[PDB]
Each structure stands twice: as structure tokens, then as C-alpha cells.
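Accompanying notes for the structure given below.
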Amino acid sequence: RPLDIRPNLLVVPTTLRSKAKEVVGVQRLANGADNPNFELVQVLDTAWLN
Amino acid sequence: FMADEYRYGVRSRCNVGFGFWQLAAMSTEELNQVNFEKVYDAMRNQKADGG
């Protein structure tokens with residue numbers, strides 16, 4: 001019986017914040033492509049890890 | 001005619017500033033997060049005198 005998982009959090013170090021925000025935070029891609037992963041998961045940036 | 005003044009510059013703190021040696025911005029992929037925001041991230045990543 002499969003399990004219902006709804007990922008809504010993305011935790012990354014401060015060194016990956018740029019990539020995390022450009023995956024979730026960018027609305028247009030290329031010369032206009034929407035973004036299927038825009039605001040799908042909210043990101044928090046922390047300095048304790050790494 | 002003369003001017004007189006008492007002053008001198010200061011260093012605020014060693015770990016609150018940065019200067020890099022490149023700025024190209026060609027297509028905003030050479031330095032967007034390679035050397036312009038790389039320093040931004042470096043400032044984001046620092047540790048005090050307690051680990």
C-alpha cells in the first residue's frame with residue numbers, strides 16, 4: 001500500500017542557496033518557459049550544516 | 001588661506017567585507033553566481049570564535 005508523501009520543505013547549506021532559489025524562486029526559464037517547480041517547495045537556508 | 005581638521009580612517013571588522021578582482025557579466029552566466037555572488041555566499045558562510 002503506497003504512502004502519501006507531500007514534500008514541502010527544502011533544507012540546503014548557504015553554499016547551495018543560489019541553486020535552491022533558482023529552482024524555486026525563478027518564474028521564467030530560458031526565453032520564457034514557466035517553471036514547473038516554482039513555489040512547489042519552500043526553501044530555508046541554514047549555516048549550521050556544512 | 002588655510003584649512004585644518006582632526007580625522008583618520010578606521011577598519012571596522014575583518015570579516016564583514018570582501019573585494020574580488022573580476023567583473024564580466026557576459027550573458028549573466030560568467031559571474032552571476034560564479035564570482036559576483038560567490039563572494040555573497042562566502043560572506044553568508046562564516047564562523048565566529050566559538051565554532
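Chains: A, B, ... in order of the C-alpha cells. Residues: from 1 per chain. Ligands: from 1, in order shown.
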For this session: Specify as number ranges by chain all residues of chain A found within 9 Å of chain B, counting only C-alpha atoms.
Result: A: 13-19, 47
Exercise. If you run DSSP on the backbone, which residues of chain A are strand (DSSP E), as a PyMOL selection string?
Worked result: chain A and resi 9-13+42-46
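Of all the residues in chain B, the ones DSSP labels as alpha helix (DSSP H) from the backbone are residues 37, 38, 39, 40, 41, 42, 43 and 44 of chain B.
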Convert the current residue selection to file output with N, CA and C atoms, as a compact mmCIF listing (two decimals), in the first residue's frame.
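Result file follows (again-v2.txt):
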```txt
# COMPACT_ATOMS: atom_id res chain seq x y z
N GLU B 37 28.29 36.58 -7.02
CA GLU B 37 27.55 36.06 -5.88
C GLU B 37 28.27 34.92 -5.19
N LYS B 38 29.37 34.43 -5.75
CA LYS B 38 30.24 33.53 -5.00
C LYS B 38 30.74 34.21 -3.73
N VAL B 39 31.13 35.48 -3.84
CA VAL B 39 31.56 36.22 -2.66
C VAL B 39 30.38 36.46 -1.72
N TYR B 40 29.19 36.70 -2.28
CA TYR B 40 27.99 36.81 -1.46
C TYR B 40 27.82 35.56 -0.60
N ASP B 41 27.92 34.39 -1.22
CA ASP B 41 27.78 33.13 -0.49
C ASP B 41 28.92 32.95 0.52
N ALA B 42 30.13 33.37 0.15
CA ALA B 42 31.25 33.27 1.09
C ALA B 42 30.98 34.10 2.34
N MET B 43 30.46 35.31 2.17
CA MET B 43 30.07 36.11 3.33
C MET B 43 28.96 35.43 4.11
N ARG B 44 27.99 34.84 3.40
CA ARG B 44 26.94 34.09 4.09
C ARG B 44 27.52 32.98 4.95
```
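Take atom CA of residue A:50 and atom CA of residue A:35: the distance between them is 28.5 Å.
Restricting the calculation to only C-alpha atoms, the smallest distance between residue B:48 and any of A:34, A:28, A:23, A:48 is found for A:48.
Distance-wise, atom CA of residue B:14 and atom CA of residue B:29 end up 29.5 Å apart.
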Exercise. Given the choices A:2, A:43, A:7, A:49, which gets closest to residue A:22 if the distance is worked out from only C-alpha atoms?
Worked result: A:43
Exercise. Neighbours of residue A:36 within 12 Å (only C-alpha atoms; same-chain residues fewer than 4 positions away dropped), as a count of residues only?
Worked result: 9
For this session: Quick one: pull the distance between atom CA of residue B:12 and atom CA of residue B:35, Å, one decimal.
Result: 24.0 Å
